[PDB]
Amino acid sequence: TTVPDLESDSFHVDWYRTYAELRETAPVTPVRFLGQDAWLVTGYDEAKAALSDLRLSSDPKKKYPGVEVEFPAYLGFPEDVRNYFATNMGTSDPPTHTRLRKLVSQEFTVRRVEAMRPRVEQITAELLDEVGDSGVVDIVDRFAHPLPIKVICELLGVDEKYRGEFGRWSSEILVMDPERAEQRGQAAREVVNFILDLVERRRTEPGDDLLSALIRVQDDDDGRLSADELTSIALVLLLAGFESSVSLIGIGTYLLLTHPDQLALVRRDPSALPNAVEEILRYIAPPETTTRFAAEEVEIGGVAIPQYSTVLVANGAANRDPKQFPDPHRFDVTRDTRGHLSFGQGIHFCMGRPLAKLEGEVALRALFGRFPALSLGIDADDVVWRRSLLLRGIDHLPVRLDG
Ligand code: HEM
Ligand SMILES: CC(=O)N1CCN(c2ccc(OC[C@H]3CO[C@](Cn4ccnc4)(c4ccc(Cl)cc4Cl)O3)cc2)CC1
């Protein structure tokens with residue numbers, strides 16, 4: 001039987017049509033990717049089931065007798081840089097996952113996030129002043145990208161004379177191309193080196209930022225974060241702040257710009273914004289794929305997945321499963337979006353949801369509430385989508401401010 005190759009253009013060009021074709025045939029099928037066999041889950045019920053079954057591990061560090069685990073997200077990473085990337089909540093299983101998440105949740109709170117609202121609003125205003133009131137600009141470079149970066153750097157106590165470079169490395173890591181495995185491995189070593197220096201500097205000069213708080217957080221029973229745990233968690237938070245919300249804002253802008261009717265609703269009624277953000281996430285989920293490792297043989301949707309198999313849960317495909325979302329390919333800011341898998345599901349449910357929703361709502365409201373005639377600078381079909389199954393997005397988006 002023909003086995004799909006996630007590297008082919010079928011998974012990067014009008015790819016939701018490809019997912020729909022595989023789903024109708026089999027919501028759980030074997031695929032090829034980066035020279036390795038794996039299983040792709042595209043059905044909603046199957047994806048939800050997979051993410052809820054703890055026999056499917058999230059820890060790339062675990063060793064199993066006679067098997068060589070090589071996960072996509074760590075293509076080209078030397079073993080030591082891999083460990084620095086994989087010693088945090090997202091890359092661990094209970095009970096380790098449990099204590100790491102409890103310690104971090106003590107400081108990465110809704111209160112702390114809400115306290116940043118005025119600042120996020122100020123930063124948004126300043127960036128929009130800087131773009132002008134007429135002409136064509138790349139809204140990604142001048143807005144969608146700088147906003148989340150400034151926010152996450154103030155949250156983690158990262159200086160300006162350190163940014164710019166980091167963003168160059170982040171971008172390389174989002175693409176998984178075997179021809180550039182070496183450059184990817186090099187960019188990853190750069191980020192590890194940067195984080196190590198940042199942490200050490202913070203231990204020496206404490207502040208009221210999140211990294212400082214994480215450094216002294218401790219619990220009677222759970223103790224405190226080890227040096228390695230601290231380092232990996234900081235790395236992962238900065239990485240998420242540098243790339244996740246950029247996709248949301250850029251993709252969000254492109255969608256509202258290509259659905260005039262939908263944009264009107266938002267403009268007409270502001271209370272319709274929070275749900276618009278949820279539908280945007282539902283329609284084109286940035287984390288198109290999340291990975292799991294079958295520590296035991298598991299059955300998903302009637303299909304038996306052999307032990308030691310790599311499972312790619314396609315969060316994005318599941319969001320377009322007609323069985324859960326009627327008329328899936330229809331972008332509708334009013335539909336009921338409950339249950340989408342863009343923020344995950346279960347114990348690893350994304351801890352940054354509050355921050356992402358804040359940035360998304362504030363940015364889009366300000367952007368469109370300030371450029372009534374804002375329109376796309378190019379033809380809708382000419383937009384270039386980033387070729388990443390790790391984090392989908394738009395790197396360049398020209399828009400005409402004055403119409
Ligand atoms: C558009 C924005 C975002 C989306 C769509 C998103 C999506 C996701 C998804 C799907 C997962 C679960 C992955 C899995 O099950 O393996 C996840 C986990 C996580 N995300 Fe996000 N995320 C976003 C923003 C953020 C932000 C702003 C931060 C932090 C500054 C962040 C921090 C995390 C962490 C720490 C985890 C691991 C949670 C755990 O394993 O317990 N995310 N995110
Ligand atoms: C077994 C295996 O291969 N692994 C690969 C993916 N895994 C993972 C890793 C980290 C994670 O914290 C979210 C931190 C970690 O994940 C990213 C993706 N992300 C963004 C927001 N929420 C998730 C991320 C991760 C890796 C790479 Cl290379 C790039 C990026 Cl932007 O940011 C949560 C889960 C778990 C499964």
# chains A, B, ... in the order shown; residues from 1 in each chain; ligands from 1
$ residues_around --residues "residue 136 in chain A" --least-positions-apart "4" --cutoff "8 Å" --atoms "only C-alpha atoms" --output "ChimeraX atom specification"
/A:377,398-401
$ closest_atom_pairs --of "chain A" --to "ligand 1" --cutoff "7 Å" --atoms "only C-alpha atoms and all ligand atoms" --output "Markdown table"
| residue | atom | partner | partner_atom_place_in_ligand_line | distance |
| --- | --- | --- | --- | --- |
| A:51 | CA | ligand 1 | 15 (O) | 6.8 |
| A:58 | CA | ligand 1 | 16 (O) | 6.6 |
| A:89 | CA | ligand 1 | 40 (O) | 4.3 |
| A:90 | CA | ligand 1 | 40 (O) | 3.1 |
| A:91 | CA | ligand 1 | 40 (O) | 6.6 |
| A:97 | CA | ligand 1 | 41 (O) | 6.7 |
| A:101 | CA | ligand 1 | 41 (O) | 5.8 |
| A:152 | CA | ligand 1 | 30 (C) | 6.9 |
| A:236 | CA | ligand 1 | 35 (C) | 6.7 |
| A:237 | CA | ligand 1 | 30 (C) | 4.6 |
| A:238 | CA | ligand 1 | 30 (C) | 6.5 |
| A:240 | CA | ligand 1 | 28 (C) | 4.8 |
| A:241 | CA | ligand 1 | 30 (C) | 4.8 |
| A:244 | CA | ligand 1 | 2 (C) | 4.6 |
| A:245 | CA | ligand 1 | 1 (C) | 4.7 |
| A:247 | CA | ligand 1 | 1 (C) | 6.5 |
| A:248 | CA | ligand 1 | 1 (C) | 5.0 |
| A:281 | CA | ligand 1 | 5 (C) | 6.6 |
| A:285 | CA | ligand 1 | 5 (C) | 6.1 |
| A:286 | CA | ligand 1 | 5 (C) | 5.3 |
| A:287 | CA | ligand 1 | 10 (C) | 5.5 |
| A:290 | CA | ligand 1 | 16 (O) | 5.2 |
| A:291 | CA | ligand 1 | 16 (O) | 6.2 |
| A:341 | CA | ligand 1 | 10 (C) | 6.7 |
| A:342 | CA | ligand 1 | 10 (C) | 5.0 |
| A:343 | CA | ligand 1 | 7 (C) | 4.1 |
| A:344 | CA | ligand 1 | 10 (C) | 3.9 |
| A:345 | CA | ligand 1 | 15 (O) | 6.4 |
| A:347 | CA | ligand 1 | 41 (O) | 5.9 |
| A:348 | CA | ligand 1 | 40 (O) | 3.6 |
| A:349 | CA | ligand 1 | 12 (C) | 5.2 |
| A:350 | CA | ligand 1 | 18 (C) | 3.7 |
| A:351 | CA | ligand 1 | 33 (C) | 4.9 |
| A:352 | CA | ligand 1 | 28 (C) | 3.6 |
| A:353 | CA | ligand 1 | 24 (C) | 5.6 |
| A:355 | CA | ligand 1 | 27 (C) | 5.3 |
| A:356 | CA | ligand 1 | 27 (C) | 4.8 |
$ write_last_selection --atoms "N, CA, C and O atoms" --output "CSV table (one decimal), in the first residue's frame"
chain,number,residue,atom,x,y,z
A,51,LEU,N,-4.3,11.4,22.8
A,51,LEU,CA,-3.8,12.4,23.7
A,51,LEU,C,-4.2,12.1,25.2
A,51,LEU,O,-3.5,12.6,26.1
A,58,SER,N,5.4,11.2,26.2
A,58,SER,CA,5.8,12.5,25.6
A,58,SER,C,7.3,12.7,25.9
A,58,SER,O,7.8,13.8,25.6
A,89,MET,N,8.0,20.3,31.3
A,89,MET,CA,6.7,19.7,31.4
A,89,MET,C,6.2,19.0,30.1
A,89,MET,O,5.8,17.9,30.1
A,90,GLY,N,6.4,19.7,29.0
A,90,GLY,CA,6.0,19.1,27.7
A,90,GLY,C,6.7,17.8,27.3
A,90,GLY,O,6.1,17.0,26.6
A,91,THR,N,7.9,17.7,27.8
A,91,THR,CA,8.7,16.5,27.4
A,91,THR,C,8.9,15.5,28.6
A,91,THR,O,9.9,14.9,28.7
A,97,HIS,N,6.1,14.9,35.3
A,97,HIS,CA,5.3,16.0,34.6
A,97,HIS,C,4.5,16.7,35.7
A,97,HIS,O,4.5,17.9,35.7
A,101,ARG,N,4.9,20.8,36.5
A,101,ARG,CA,3.8,21.7,36.2
A,101,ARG,C,3.2,22.4,37.4
A,101,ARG,O,2.7,23.5,37.3
A,152,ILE,N,7.3,38.6,25.8
A,152,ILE,CA,8.0,37.4,26.4
A,152,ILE,C,9.3,37.8,27.0
A,152,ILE,O,9.8,37.2,28.0
A,236,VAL,N,12.1,26.6,26.8
A,236,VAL,CA,10.8,26.3,26.3
A,236,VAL,C,9.8,27.5,26.3
A,236,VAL,O,9.0,27.6,25.4
A,237,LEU,N,9.9,28.2,27.4
A,237,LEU,CA,9.0,29.4,27.5
A,237,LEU,C,9.3,30.5,26.6
A,237,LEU,O,8.5,31.1,26.0
A,238,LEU,N,10.6,30.8,26.5
A,238,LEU,CA,11.1,31.8,25.6
A,238,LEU,C,10.8,31.5,24.1
A,238,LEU,O,10.4,32.3,23.3
A,240,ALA,N,8.4,29.5,23.0
A,240,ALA,CA,7.0,29.6,22.8
A,240,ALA,C,6.6,31.1,22.6
A,240,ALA,O,5.8,31.4,21.7
A,241,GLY,N,7.1,31.9,23.4
A,241,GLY,CA,6.8,33.4,23.3
A,241,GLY,C,7.3,34.0,22.1
A,241,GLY,O,6.8,34.9,21.6
A,244,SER,N,4.9,31.2,18.9
A,244,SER,CA,3.5,30.8,18.9
A,244,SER,C,2.5,31.9,18.6
A,244,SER,O,1.6,31.7,17.7
A,245,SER,N,2.5,33.0,19.3
A,245,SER,CA,1.6,34.1,19.0
A,245,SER,C,1.8,34.8,17.7
A,245,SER,O,0.9,35.4,17.2
A,247,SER,N,2.3,33.3,14.9
A,247,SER,CA,1.5,32.6,13.9
A,247,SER,C,0.0,32.9,14.1
A,247,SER,O,-0.7,33.2,13.1
A,248,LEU,N,-0.5,33.0,15.3
A,248,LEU,CA,-1.9,33.3,15.6
A,248,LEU,C,-2.3,34.7,15.0
A,248,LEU,O,-3.3,34.8,14.4
A,281,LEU,N,-8.0,29.8,15.7
A,281,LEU,CA,-7.1,28.7,16.2
A,281,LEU,C,-7.7,27.3,15.7
A,281,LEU,O,-6.9,26.4,15.4
A,285,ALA,N,-4.8,25.5,13.0
A,285,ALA,CA,-4.0,25.4,14.2
A,285,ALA,C,-2.5,25.5,13.9
A,285,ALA,O,-2.0,24.8,13.1
A,286,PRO,N,-1.8,26.4,14.7
A,286,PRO,CA,-0.4,26.6,14.5
A,286,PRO,C,0.4,25.2,14.7
A,286,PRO,O,1.2,24.8,13.9
A,287,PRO,N,0.1,24.6,15.9
A,287,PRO,CA,0.8,23.3,16.1
A,287,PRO,C,0.1,22.2,15.4
A,287,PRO,O,-0.7,21.4,15.9
A,290,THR,N,1.5,17.1,16.9
A,290,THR,CA,2.1,16.9,18.2
A,290,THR,C,2.6,15.5,18.2
A,290,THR,O,2.0,14.6,17.6
A,291,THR,N,3.7,15.2,18.9
A,291,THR,CA,4.2,13.8,18.9
A,291,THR,C,4.1,13.0,20.2
A,291,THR,O,4.2,13.6,21.3
A,341,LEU,N,-8.7,21.1,19.3
A,341,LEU,CA,-7.4,20.6,20.0
A,341,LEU,C,-6.2,21.5,19.8
A,341,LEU,O,-5.1,21.1,19.9
A,342,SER,N,-6.4,22.8,19.4
A,342,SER,CA,-5.3,23.7,19.2
A,342,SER,C,-4.4,23.9,20.4
A,342,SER,O,-3.2,24.2,20.3
A,343,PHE,N,-5.0,23.9,21.6
A,343,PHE,CA,-4.2,24.1,22.8
A,343,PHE,C,-3.9,22.7,23.5
A,343,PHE,O,-3.4,22.7,24.6
A,344,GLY,N,-4.1,21.7,22.8
A,344,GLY,CA,-3.9,20.4,23.3
A,344,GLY,C,-5.1,19.8,24.0
A,344,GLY,O,-6.2,20.2,23.8
A,345,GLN,N,-4.9,18.7,24.8
A,345,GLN,CA,-5.9,18.1,25.5
A,345,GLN,C,-5.3,17.2,26.6
A,345,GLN,O,-4.4,16.4,26.3
A,347,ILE,N,-3.4,16.2,30.3
A,347,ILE,CA,-2.4,16.8,31.2
A,347,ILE,C,-1.4,17.8,30.6
A,347,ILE,O,-0.8,18.6,31.4
A,348,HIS,N,-1.2,17.7,29.3
A,348,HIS,CA,-0.2,18.6,28.7
A,348,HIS,C,-0.9,19.8,28.1
A,348,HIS,O,-0.3,20.5,27.3
A,349,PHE,N,-2.2,20.0,28.4
A,349,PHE,CA,-2.9,21.2,27.9
A,349,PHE,C,-2.1,22.4,28.0
A,349,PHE,O,-1.5,22.7,29.0
A,350,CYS,N,-2.0,23.1,26.9
A,350,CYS,CA,-1.2,24.4,26.8
A,350,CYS,C,-1.9,25.2,27.8
A,350,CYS,O,-2.2,26.2,28.5
A,351,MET,N,0.1,25.7,29.0
A,351,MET,CA,0.0,26.6,30.1
A,351,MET,C,0.0,28.0,29.7
A,351,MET,O,-0.2,28.9,30.5
A,352,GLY,N,0.2,28.3,28.4
A,352,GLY,CA,0.3,29.6,27.9
A,352,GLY,C,-1.0,30.1,27.2
A,352,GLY,O,-1.0,31.3,26.7
A,353,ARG,N,-2.1,29.4,27.3
A,353,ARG,CA,-3.3,29.8,26.7
A,353,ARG,C,-3.8,31.2,27.1
A,353,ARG,O,-4.3,31.9,26.3
A,355,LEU,N,-2.0,33.7,28.1
A,355,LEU,CA,-1.2,34.8,27.5
A,355,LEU,C,-1.5,34.9,26.0
A,355,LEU,O,-1.5,36.0,25.4
A,356,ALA,N,-1.6,33.7,25.3
A,356,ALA,CA,-1.9,33.7,23.9
A,356,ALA,C,-3.2,34.4,23.5
A,356,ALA,O,-3.3,35.1,22.5
$ residues_around --residues "residue 382 in chain A" --least-positions-apart "2" --cutoff "12 Å" --atoms "only C-alpha atoms" --output "ChimeraX atom specification"
/A:13,254,376-380,384-385,394,396-398
$ write_last_selection --atoms "C-alpha atoms" --output "PDB file, in the first residue's frame"
ATOM      1  CA  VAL A  13      -0.150  22.982  -0.415  1.00  0.00           C
ATOM      2  CA  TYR A 254      -4.911  36.893   6.876  1.00  0.00           C
ATOM      3  CA  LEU A 376      -4.194  42.425   1.595  1.00  0.00           C
ATOM      4  CA  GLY A 377      -1.187  43.629  -0.376  1.00  0.00           C
ATOM      5  CA  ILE A 378      -1.119  40.501  -2.547  1.00  0.00           C
ATOM      6  CA  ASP A 379      -3.487  37.966  -4.074  1.00  0.00           C
ATOM      7  CA  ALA A 380      -4.906  35.549  -1.479  1.00  0.00           C
ATOM      8  CA  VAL A 384       3.354  31.661   1.196  1.00  0.00           C
ATOM      9  CA  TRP A 385       2.710  29.283   4.092  1.00  0.00           C
ATOM     10  CA  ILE A 394       3.126  33.056   7.591  1.00  0.00           C
ATOM     11  CA  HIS A 396       5.707  37.508   5.083  1.00  0.00           C
ATOM     12  CA  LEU A 397       2.337  39.239   4.766  1.00  0.00           C
ATOM     13  CA  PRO A 398       2.105  42.492   2.781  1.00  0.00           C
TER      14      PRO A 398
END
$ closest_residue --among "A:4, A:243, A:196, A:53" --to "residue 346 in chain A" --atoms "only C-alpha atoms"
A:53
$ closest_residue --among "A:184, A:387, A:99, A:145" --to "ligand 2" --atoms "only C-alpha atoms and all ligand atoms"
A:184
$ select_by_dssp --residues "range 195-290 of chain A" --states "helix (DSSP H, G or I)" --output "PyMOL selection string"
chain A and resi 195-204+210-216+227-257+260-268+270-283
$ closest_residue --among "A:335, A:32, A:180, A:267" --to "residue 283 in chain A" --atoms "only C-alpha atoms"
A:335
$ select_by_dssp --residues "range 204-345 of chain A" --states "strand (DSSP E)" --output "list in words"
residues 218, 219, 223, 224, 290, 291, 292, 293, 294, 298, 299, 300, 303, 304, 305, 310, 311, 312 and 313 of chain A
$ residues_around --residues "residue 156 in chain A" --least-positions-apart "6" --cutoff "6 Å" --atoms "only C-alpha atoms" --output "VMD selection string"
chain A and resid 209 to 211
$ write_last_selection --atoms "C-alpha atoms" --output "PDB file, in the first residue's frame"
ATOM      1  CA  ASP A 209      10.365  38.777  36.553  1.00  0.00           C
ATOM      2  CA  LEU A 210       9.132  35.204  35.984  1.00  0.00           C
ATOM      3  CA  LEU A 211      12.594  33.626  35.651  1.00  0.00           C
TER       4      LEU A 211
END
$ closest_residue --among "A:115, A:239, A:67, A:294" --to "ligand 2" --atoms "only C-alpha atoms and all ligand atoms"
A:239
$ closest_residue --among "A:62, A:329, A:119, A:320" --to "ligand 2" --atoms "only C-alpha atoms and all ligand atoms"
A:62
$ closest_residue --among "A:7, A:288, A:46, A:138" --to "ligand 2" --atoms "only C-alpha atoms and all ligand atoms"
A:288
$ decode --residues "range 301-329 of chain A" --atoms "N, CA and C atoms" --output "mmCIF file, in the first residue's frame"
data_model
loop_
_atom_site.group_PDB
_atom_site.id
_atom_site.type_symbol
_atom_site.label_atom_id
_atom_site.label_comp_id
_atom_site.auth_asym_id
_atom_site.auth_seq_id
_atom_site.Cartn_x
_atom_site.Cartn_y
_atom_site.Cartn_z
ATOM 1 N N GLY A 301 -8.791 3.768 17.452
ATOM 2 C CA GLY A 301 -9.761 3.688 16.377
ATOM 3 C C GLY A 301 -9.824 2.327 15.705
ATOM 4 N N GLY A 302 -9.604 1.267 16.476
ATOM 5 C CA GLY A 302 -9.653 -0.074 15.922
ATOM 6 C C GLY A 302 -8.357 -0.507 15.264
ATOM 7 N N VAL A 303 -7.384 0.394 15.218
ATOM 8 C CA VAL A 303 -6.099 0.077 14.610
ATOM 9 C C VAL A 303 -5.072 -0.152 15.707
ATOM 10 N N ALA A 304 -4.367 -1.274 15.639
ATOM 11 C CA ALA A 304 -3.358 -1.573 16.644
ATOM 12 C C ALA A 304 -2.034 -0.917 16.265
ATOM 13 N N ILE A 305 -1.509 -0.076 17.154
ATOM 14 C CA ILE A 305 -0.236 0.591 16.910
ATOM 15 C C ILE A 305 0.830 -0.200 17.651
ATOM 16 N N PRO A 306 1.795 -0.767 16.912
ATOM 17 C CA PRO A 306 2.847 -1.550 17.558
ATOM 18 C C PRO A 306 3.677 -0.804 18.590
ATOM 19 N N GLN A 307 4.146 -1.547 19.584
ATOM 20 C CA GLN A 307 4.964 -0.987 20.641
ATOM 21 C C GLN A 307 6.240 -0.381 20.055
ATOM 22 N N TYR A 308 6.631 0.777 20.583
ATOM 23 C CA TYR A 308 7.818 1.507 20.146
ATOM 24 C C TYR A 308 7.593 2.255 18.844
ATOM 25 N N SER A 309 6.340 2.579 18.563
ATOM 26 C CA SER A 309 6.001 3.318 17.359
ATOM 27 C C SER A 309 5.953 4.813 17.662
ATOM 28 N N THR A 310 6.239 5.622 16.649
ATOM 29 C CA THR A 310 6.186 7.068 16.790
ATOM 30 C C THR A 310 4.813 7.463 16.266
ATOM 31 N N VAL A 311 4.066 8.213 17.067
ATOM 32 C CA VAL A 311 2.728 8.625 16.668
ATOM 33 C C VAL A 311 2.623 10.133 16.529
ATOM 34 N N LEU A 312 2.198 10.577 15.354
ATOM 35 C CA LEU A 312 2.024 11.994 15.089
ATOM 36 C C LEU A 312 0.530 12.292 15.120
ATOM 37 N N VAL A 313 0.076 13.003 16.149
ATOM 38 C CA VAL A 313 -1.330 13.366 16.252
ATOM 39 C C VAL A 313 -1.474 14.690 15.515
ATOM 40 N N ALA A 314 -2.260 14.707 14.445
ATOM 41 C CA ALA A 314 -2.444 15.919 13.663
ATOM 42 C C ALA A 314 -3.551 16.792 14.236
ATOM 43 N N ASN A 315 -3.220 17.576 15.258
ATOM 44 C CA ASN A 315 -4.178 18.472 15.907
ATOM 45 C C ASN A 315 -4.989 19.283 14.903
ATOM 46 N N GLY A 316 -4.325 19.774 13.859
ATOM 47 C CA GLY A 316 -5.012 20.568 12.858
ATOM 48 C C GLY A 316 -6.035 19.800 12.037
ATOM 49 N N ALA A 317 -5.685 18.591 11.615
ATOM 50 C CA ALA A 317 -6.603 17.769 10.827
ATOM 51 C C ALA A 317 -7.854 17.460 11.647
ATOM 52 N N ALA A 318 -7.649 17.120 12.918
ATOM 53 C CA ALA A 318 -8.743 16.789 13.821
ATOM 54 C C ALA A 318 -9.722 17.946 13.967
ATOM 55 N N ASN A 319 -9.202 19.169 13.900
ATOM 56 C CA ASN A 319 -10.032 20.362 14.029
ATOM 57 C C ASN A 319 -10.952 20.548 12.835
ATOM 58 N N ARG A 320 -10.678 19.815 11.760
ATOM 59 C CA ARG A 320 -11.480 19.915 10.547
ATOM 60 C C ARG A 320 -12.247 18.621 10.260
ATOM 61 N N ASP A 321 -12.443 17.809 11.294
ATOM 62 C CA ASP A 321 -13.178 16.555 11.149
ATOM 63 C C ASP A 321 -14.671 16.888 11.153
ATOM 64 N N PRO A 322 -15.347 16.694 10.010
ATOM 65 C CA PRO A 322 -16.779 16.989 9.897
ATOM 66 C C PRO A 322 -17.669 16.362 10.968
ATOM 67 N N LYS A 323 -17.207 15.275 11.581
ATOM 68 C CA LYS A 323 -17.987 14.597 12.615
ATOM 69 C C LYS A 323 -18.065 15.405 13.908
ATOM 70 N N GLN A 324 -17.092 16.285 14.114
ATOM 71 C CA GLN A 324 -17.043 17.103 15.319
ATOM 72 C C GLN A 324 -17.366 18.559 14.994
ATOM 73 N N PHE A 325 -16.922 19.006 13.825
ATOM 74 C CA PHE A 325 -17.139 20.381 13.387
ATOM 75 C C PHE A 325 -17.831 20.428 12.035
ATOM 76 N N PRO A 326 -19.158 20.641 12.037
ATOM 77 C CA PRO A 326 -19.978 20.713 10.824
ATOM 78 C C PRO A 326 -19.478 21.782 9.858
ATOM 79 N N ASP A 327 -19.323 21.412 8.590
ATOM 80 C CA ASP A 327 -18.850 22.349 7.580
ATOM 81 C C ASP A 327 -17.505 22.887 8.086
ATOM 82 N N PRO A 328 -16.550 21.980 8.367
ATOM 83 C CA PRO A 328 -15.205 22.288 8.876
ATOM 84 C C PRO A 328 -14.405 23.344 8.123
ATOM 85 N N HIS A 329 -14.440 23.285 6.798
ATOM 86 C CA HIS A 329 -13.690 24.227 5.981
ATOM 87 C C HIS A 329 -14.297 25.621 5.903
#
